[PDB]
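Asks:
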Amino acid sequence: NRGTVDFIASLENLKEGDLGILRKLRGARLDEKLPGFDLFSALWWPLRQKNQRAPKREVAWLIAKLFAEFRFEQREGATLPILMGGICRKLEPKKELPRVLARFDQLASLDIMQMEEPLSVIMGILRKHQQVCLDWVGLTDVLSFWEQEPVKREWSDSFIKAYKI
Amino acid sequence: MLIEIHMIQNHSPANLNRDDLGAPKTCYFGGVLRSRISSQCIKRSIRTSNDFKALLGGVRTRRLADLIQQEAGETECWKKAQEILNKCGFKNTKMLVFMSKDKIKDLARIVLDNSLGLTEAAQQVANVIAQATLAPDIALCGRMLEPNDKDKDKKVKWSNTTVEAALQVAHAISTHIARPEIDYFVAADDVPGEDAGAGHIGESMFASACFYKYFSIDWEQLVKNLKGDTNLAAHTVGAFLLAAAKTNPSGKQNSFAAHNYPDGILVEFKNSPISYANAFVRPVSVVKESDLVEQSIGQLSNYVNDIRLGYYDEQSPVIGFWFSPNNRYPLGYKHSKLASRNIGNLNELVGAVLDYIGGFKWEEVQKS
Amino acid sequence: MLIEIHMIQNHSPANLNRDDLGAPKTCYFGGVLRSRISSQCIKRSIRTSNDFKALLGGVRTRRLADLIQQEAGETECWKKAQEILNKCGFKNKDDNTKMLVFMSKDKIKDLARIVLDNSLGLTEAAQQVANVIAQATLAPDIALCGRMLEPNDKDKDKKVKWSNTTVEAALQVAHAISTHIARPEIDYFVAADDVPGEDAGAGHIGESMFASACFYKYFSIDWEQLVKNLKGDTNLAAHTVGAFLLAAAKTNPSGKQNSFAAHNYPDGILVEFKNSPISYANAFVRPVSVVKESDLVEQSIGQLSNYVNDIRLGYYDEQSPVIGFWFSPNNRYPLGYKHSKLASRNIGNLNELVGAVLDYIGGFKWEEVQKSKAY
Amino acid sequence: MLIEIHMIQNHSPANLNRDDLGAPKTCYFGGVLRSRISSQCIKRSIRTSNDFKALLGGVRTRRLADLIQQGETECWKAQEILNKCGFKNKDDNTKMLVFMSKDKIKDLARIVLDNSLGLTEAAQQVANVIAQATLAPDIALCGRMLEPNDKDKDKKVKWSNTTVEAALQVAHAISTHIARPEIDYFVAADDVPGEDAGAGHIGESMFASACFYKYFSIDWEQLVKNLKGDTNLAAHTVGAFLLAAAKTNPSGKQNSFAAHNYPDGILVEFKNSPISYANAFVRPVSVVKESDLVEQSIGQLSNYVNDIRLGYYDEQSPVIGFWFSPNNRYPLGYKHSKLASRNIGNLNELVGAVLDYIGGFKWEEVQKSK
DNA sequence: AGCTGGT
DNA sequence: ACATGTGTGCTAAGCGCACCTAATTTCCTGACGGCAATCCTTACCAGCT
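Chains as they are written, first to last, in the deposited numbering: chain E, 2 to 166; chain F, 1 to 92, 97 to 372; chain H, 1 to 375; chain I, 1 to 70, 73 to 78, 80 to 373.
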């Protein structure tokens, strides 16, 4: 898509104070603080009048909050079920692998709003394994259509494919 | 005539029921995962509840000969009892046998000890087992009995063991997406050592959910299996109402003391029962205002509205009840002012439902 | 007579219980995320407290042979105790019995007396050991907590028999749930690269999580079962109830307390007596939103008062009385001001509270129930 | 026997415990955002303090090779045979910040690690000269953590139980009110006119100002077990801790935010059980026109202290304490007087009162221990 | 006197 | 979900950061319980209709 790329690139332009106030708004809707809504409006309004396709609003808000909290860099080919699974091969299959594996499968049966904390723990173990790159555009357009089961099964089969290799 | 009893219970983080692997029970209701509590666990916990002790009169045992041998000071009859049972039809110490406790105790003791026969002794023991219907827990939960046809005698028969269940407990369906949570526990070794580690690193899974609990009484069946009397039937209905509102499943309560109480009672008298599972086909997602209990009650009251007008049964109206304690949780917050007798107690609703049952009172019936 | 204790405790920023990856234990109560402390944590903090030394007496261990050897002194005794205990049915793989075993401390002496007896054979000694272990129900810790011994069957001597080794628990503890909507915070730690070298950068960095919460804690104590498995020692049973109350009030879980010294006492305790256990976790289904005219602890106590008066109206107008001893320190926060009659006895002192509960159970004195101890 | 410290400070506009972004650290206490000074930061500023530069007996270093250096060249002899203990090398490091002393360690670790004596036979000497000492005050207060790796270390290392419990329990400093973050906009301006009238680098800084509450608890018999019977060094530890908690402040962005301030209230209690008077400030202090923030916070603290004293006490063992305000501008509110046993106007006399409770050790000859 | 439920 | 309600009359250009950083040991449970029937006959025979 040619609309989400501008959103991710504009997010990468954000300076320290803006993503600090985005960091402070974890688990909080974009209403109880005025500056957070102002920042989201500035990020989210001008990309609908230049390109016809835009992500969903809740996906954009959640992705902005998570991006502020973790601060990765955008790189093609680094979606969640590849780096996930790649880290699962670096594990003991007896005990820890079912633990981390269940932590990953918790994402596949959740709605967009409640995934903030499971995505937080998944990206926390990603940060523990020193992962710098994450395809924010790829994550965003597989998350804006997260409610159709073909993309969920494709994401899971990507995890399988990265695990068997 | 049959009685519906509905509850909406929110519970603390707890594991009231597990499968073989230890996970809380789950069902795919409405295309999403819903937390489940098994009906048999609820039936057992209400059976073993602290108010059913005046009415707890059913035993489900395979050690019948042990029960005979306990009530005999010096007359050892445990091999003779075992062979009498083994040619009764049970083949081994046996399979599971349902009966009344005191009846089998005393009169199987008197019918077993006498040295008058061995074949007809087994036949009359089997007849005593089959006639053991004077117990209302058997009348509620139900019981059949199937002995073997191989390890038996051709001269031993069995009467019709038909007992219908007068209770249909539904499985407690969660009112939202189930969020199964993983608990990580260790076991401390009390004495120290070099390793400074745990005695047993283990797995436990717990689920905090607002359960839609649903029971149903077949009062007509409850008296067609408890003979012509109605006093014991009214006492059992009141005892179940008290027990269900008062007791909880005895799962991992020592580790999760979730003894929270039902935040909703809906008793409606009709000849066509209904579960409000379709009240929560849409998963309940909470908003910033109110809480999960209120949103669940709101969706339930919306469903009660369009099944009291769209599916209206004004030939037999609803006598829909509540347990809203001093009106803490009202039902009709926007339109549903059809709760005819919204109260804030439990003995009052017990007395009311036995009043529409017939001419009974709460205190007088509580003596059978 | 079932004694229940409902505790509202406000805790500082702390991590008093955590999972494998270090996050504080969280639960989804009411559809929203609440921080959680496990019941095993408060249970063991009660057990390993600064007033329960006179009430100790249990070891849920896997190293019995070390204690029998320590009783034996300098008489070797490790190998033959090992082979005897393996002959009972507790198999060893590396150095220790492969299951937890729970048993009173005073039986160590006569267990070692069986072990050091060379006149007995093998199955006789193992059967005597199993008899001593299975009939060790002298402590109050096993009274409150429970027990199970199921010996292994494949590598077991056939001439070994066990009585009923299981005791039933007299203490029920719930998981402490946060009264308010709980959010976790993110802290990174650093190491001390104090000696300069040449990088002058970072030695170690990481990530830690914590949460502050107002907790609702539940304890449930039976009287007849606790005195039944304490063979009717009523002085010991009253001592257990009193020291348990003092432990629950005055001790906290020892999880990361060196970096988060959250040692805050309960700002409100509800001690009640009736036949069946009540619960007030549903008092906080809606999370507490802090407004400026009130406080978090004050609103938590107010919501608790609303629910307690609510189910006392809907539950506790019967022929069976329910009597409660509400405790706050010096009446900081009394009950709901719209009622002002819910509490039977507004208690301002914890020691006058323990005197009052000891007077209520059967009539007891702390100085007189302290005179009986099991250790 | 527990010695507890409760303090109240108030600093200027400051950035003491900033983020990697730059934002001063925040935590939620009672549902409202409060500025937090990290417990690790408080403990390290205590350890590195000027009045803690008479107690130090440990370093807790990372790469002990350069410290074991200063025959006159033992390396690549230090780092090369350091890998045998389970501490591999990654750009000449040890990959584990060993909790470990500094005086006897460095003075008796040269004799066995200056080559010779065979590899894996000096491994037991490494275990003896690394995992034994524990006779350091700050280490025994802060505990000890050690672990050898199993992948690279040989089986000839006999590592005993090096886990040592900590005798100290500090709590994160919490502001008494609602924290507010201030976004200080700032630029970097050029002075050479090599082009048009530009500036250079523009950006932001974030800071705050708050009134802080800090809690400490020094165990006594646990400390004297950790130091194994050294009474005077334990008195040195408690007195120097009482001085260093008050006189020393964190060292965050103090170059651009000089917020060195002294505590106007110090409360020391003597119980056999620990308490924390942080539930007093569940309600944030709303500053009124008739009083000040510090006085109001001290009044709320006195309310809570008197209340807990009357509710959780009247044992056979009373609770004795000394209250400290500088020159008595802030006595214990206007409520019930005589709550504290002694209202002390000077810090050294509060330290002396604590030391006289401790068993009768003074302040001057205790320093002669070290 | 046959019939039908049991062996 | 910037535009449009101008209302004497509302500027604006230059400028926005780089780098060192993430550790491990060990610890992980035994036993007991697991359903019977009934869905084509060695067919005549005697309880009695």
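Just so you know, even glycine gets a beta-carbon here, dropped at the ideal spot from N, CA and C.
#1: Would you please verify whether the beta carbon of residue 20/E is less than 8 angstroms from any beta carbon of chain I?
#2: Ends of the alpha helix (DSSP H) at residue 154/E?
#3: At 7 angstroms on the CB atoms, spell out the chain I contacts of residue 13/E, in chain order.
#4: Indicate the three-state DSSP secondary structure (helix, strand or coil) for residue 175/H in the structure shown.
#5: What residue from 108/E, 142/E, 84/E has the CA that sits closest to residue 55/E's CA?
#6: Indicate the three-state DSSP secondary structure (helix, strand or coil) for residue 47/I in the structure shown.
#7: The beta strand (DSSP E) with residue 274/I in it runs from where to where?
#8: Do three or more CB pairs link the segment 283–292 of chain F to the segment 194–213 of chain H at distances below 8 angstroms?
#9: Taking only beta carbons into account, state which residues of the segment 22–34 of chain I come closer than 9 angstroms to chain E, listed in chain order.
#10: Can you name the residues of chain H whose CB is closer than 7 angstroms to the CB of residue 272/I?
#11: In its own chain, which residues sit with a C-beta less than 7 angstroms from the C-beta of residue 145/I, not counting the 5 before and 5 after it?
#12: At the level of alpha carbons, what is the spacing between residue 9/E and residue 41/E?
#13: List the residues of chain H that residue 82/F touches, going by C-beta distances under 9 angstroms, in chain order.
#14: So residue 186/F contacts chain E; which residues on that side make the cut at Cβ distance below 7 angstroms?
#15: With residue 46/I and residue 247/I assumed to form a contact (beta carbons below 8 angstroms), what rounded beta-carbon distance in angstroms separates them?
#16: What runs of the beta strand (DSSP E), each 3 residues or longer, lie entirely inside the segment 117–178 of chain F?
#17: Spatial neighbours of residue 3/E within its chain, please: CB distance less than 8 angstroms, with the 5 preceding and 5 following residues excluded, ordered by chain position.
#18: Quick one: which chain F residues come within Cβ less than 7 angstroms of residue 110/E?
#19: Just the Cα atoms here: how many angstroms apart are residue 252/I and residue 338/H?
#20: For residue 215/H, which three-state DSSP category applies?
#21: So which residues on chain E does residue 207/H lean against when the C-beta distance must stay under 9 angstroms?
#22: Would you list the residues sitting across from residue 4/I in a DSSP beta bridge?
#23: Relative to the alpha-carbon of residue 139/F, which residue among 127/F, 73/F, 67/F, 55/F has its alpha-carbon at the smallest distance?
#24: Can you say whether residue 62/I is buried or exposed, counting buried as having 16 or more other CB atoms within 10 angstroms of its CB?
#25: Counting Cβ pairs, one atom from each stretch, are 3 or more of them under 8 angstroms apart for the segment 129–138 of chain H and the segment 95–109 of chain H?
#26: Could you tell me if residue 209/I is buried or exposed, where buried requires 16 or more neighbouring beta carbons within 10 angstroms of its beta carbon?
#27: Helix, strand or coil: how does DSSP classify residue 316/F here?
#28: Excluding the 5 residues preceding and the 5 following residue 165/F in the sequence, name in chain order all residues of the same chain whose CB lies nearer than 6 angstroms to its CB.
#29: For the beta strand (DSSP E) containing residue 26/I, list its first residue and its last residue.
#30: Counting pairs of beta carbons, one from the segment 206–225 of chain I and one from the segment 169–188 of chain I, are three or more of them closer than 8 angstroms?
#31: If you measure beta-carbon to beta-carbon, which residues of the segment 290–309 of chain H are closer than 7 angstroms to chain I?
#32: My output table needs one value for residue 104/F: the three-state DSSP class, helix, strand or coil.
#33: Taking the Cβ atom as the reference point for each residue, do residue 142/F and residue 281/F lie within a distance shorter than 8 angstroms?
#34: Comparing the C-beta of residue 369/I with each C-beta of chain H, is any distance below 8 angstroms?
#35: Which residues in chain I have a C-beta closer than 7 angstroms to the C-beta of residue 17/E? List them in chain order.
#36: Since residue 241/I and residue 325/I should fall inside the 8 angstroms C-beta cutoff, what is the C-beta to C-beta distance between them, to a whole number of angstroms?
Replies: Let's see:
#1: As a position in the first sequence, residue 20/E is number 19, starting the count at 1. Residue 20/E counts as touching chain I.
#2: For this step, residue 154/E is matched to residue 153 along the first sequence. Unbroken alpha helix (DSSP H) run through residue 154/E: 150–165.
#3: As a first step, residue 13/E is located in the first sequence; it is residue number 12 there, counting from the start. Those do not exist, as residue 13/E stays about 15 angstroms from chain I at its closest Cβ, beyond 7 angstroms.
#4: Counted from its first residue, the third sequence places residue 175/H at position 175. Assigned with DSSP and collapsed to three states, residue 175/H falls in coil, not helix or strand.
#5: Taking the first sequence and counting its residues from 1, one reaches residue 55/E at position 54. Shortest Cα-Cα distance from residue 55/E to any of 108/E, 142/E, 84/E involves 142/E.
#6: Here the question's residue 47/I lines up with position 47 in the fourth sequence. Three-state DSSP puts residue 47/I in a helix.
#7: Here residue 274/I corresponds to residue number 271 of the fourth sequence, with the count starting at 1. Run containing residue 274/I: 268–274, per the beta strand (DSSP E) assignment.
#8: No, the segment 283–292 of chain F is not in contact with the segment 194–213 of chain H.
#9: Cβ proximity to chain E below 9 angstroms picks out 22, 23, 26, 33 from the segment 22–34 of chain I.
#10: Within the fourth sequence, residue 272/I is the residue found at index 269, counting from 1. Chain-order list of chain H residues neighbouring residue 272/I: empty, with the shortest C-beta distance near 12 angstroms, by a criterion of under 7 angstroms.
#11: Residue 145/I sits at position 142 when you count from the first residue of the fourth sequence. Taken in chain order, the residues that qualify are 43, 169, 171.
#12: Counting from one through the first sequence, the residue named residue 9/E turns up at place 8. Counting from one through the first sequence, the residue named residue 41/E turns up at place 40. Distance between the alpha carbons of residue 9/E and residue 41/E is about 13 angstroms.
#13: Within the second sequence, the letter at position 82 stands for residue 82/F. The contacting residues do not exist; residue 82/F stays about 21 angstroms from chain H at best.
#14: Reading the second sequence from its first residue, position 182 is the one you call residue 186/F. Result: 103.
#15: Indexing the fourth sequence from 1 puts residue 46/I at position 46. Indexing the fourth sequence from 1 puts residue 247/I at position 244. Confirmed, Cβ separation roughly 5 angstroms.
#16: Taken in chain order, the whole beta strand (DSSP E) runs of length 3 or more contained in the segment 117–178 of chain F are 176–178.
#17: Residue numbering aside, residue 3/E sits at position 2 when the first sequence is read from its first letter. Cβ neighbours of residue 3/E beyond the five flanking positions: 52, 54.
#18: Counting from one through the first sequence, the residue named residue 110/E turns up at place 109. By Cβ distance, chain F contributes 33.
#19: Walking along the fourth sequence from the start, residue 252/I turns up at place 249. Walking along the third sequence from the start, residue 338/H turns up at place 338. Whole-angstrom Cα-Cα distance: 47 angstroms.
#20: Stepping through the third sequence from its first residue, residue 215/H is reached at position 215. Secondary structure of residue 215/H (DSSP, three-state): strand.
#21: Along the third sequence, one-based indexing puts residue 207/H at 207. Result: 125, 128, 129.
#22: Indexing the fourth sequence from 1 puts residue 4/I at position 4. When beta bridges are read from the DSSP output, residue 4/I appears opposite 220/I, 272/I.
#23: Position 135 of the second sequence holds residue 139/F. It is 55/F.
#24: Within the fourth sequence, residue 62/I is the residue found at index 62, counting from 1. Buried, by the Cβ-count rule.
#25: Counting Cβ pairs under 8 angstroms, three or more are found: they touch.
#26: Residue 209/I sits at position 206 when you count from the first residue of the fourth sequence. By the neighbour-count rule (16 or more Cβ atoms within 10 Å), residue 209/I is buried.
#27: As a position in the second sequence, residue 316/F is number 312, starting the count at 1. Coil, per DSSP.
#28: The count along the second sequence starts at 1 and reaches residue 165/F at position 161. Closer than 6 angstroms at the Cβ level, and outside the excluded window around residue 165/F, lie 134, 148, 149.
#29: Here the question's residue 26/I lines up with position 26 in the fourth sequence. That run of the beta strand (DSSP E) goes 26–29.
#30: The segment 206–225 of chain I is in contact with the segment 169–188 of chain I.
#31: Here the close residues are 290, 295, 296, 297.
#32: Your numbering for residue 104/F matches position 100 in the second sequence. Here residue 104/F sits in strand by DSSP.
#33: Within the second sequence, residue 142/F is the residue found at index 138, counting from 1. Within the second sequence, residue 281/F is the residue found at index 277, counting from 1. Not closer than 8 angstroms, so no.
#34: In the fourth sequence, residue 369/I corresponds to position 366, counting from 1. Interface annotation, residue 369/I: not in contact with chain H, CB-CB separation never under 8 angstroms.
#35: Counting from one through the first sequence, the residue named residue 17/E turns up at place 16. Chain-order list of chain I residues neighbouring residue 17/E: 21, 22, 207, by C-beta distance under 7 angstroms.
#36: Residue mapping note: residue 241/I aligns to position 238 of the fourth sequence, counting from 1. Residue mapping note: residue 325/I aligns to position 322 of the fourth sequence, counting from 1. In fact, because the Cβ distance is near 14 angstroms, the residues do not count as touching under 8 angstroms.
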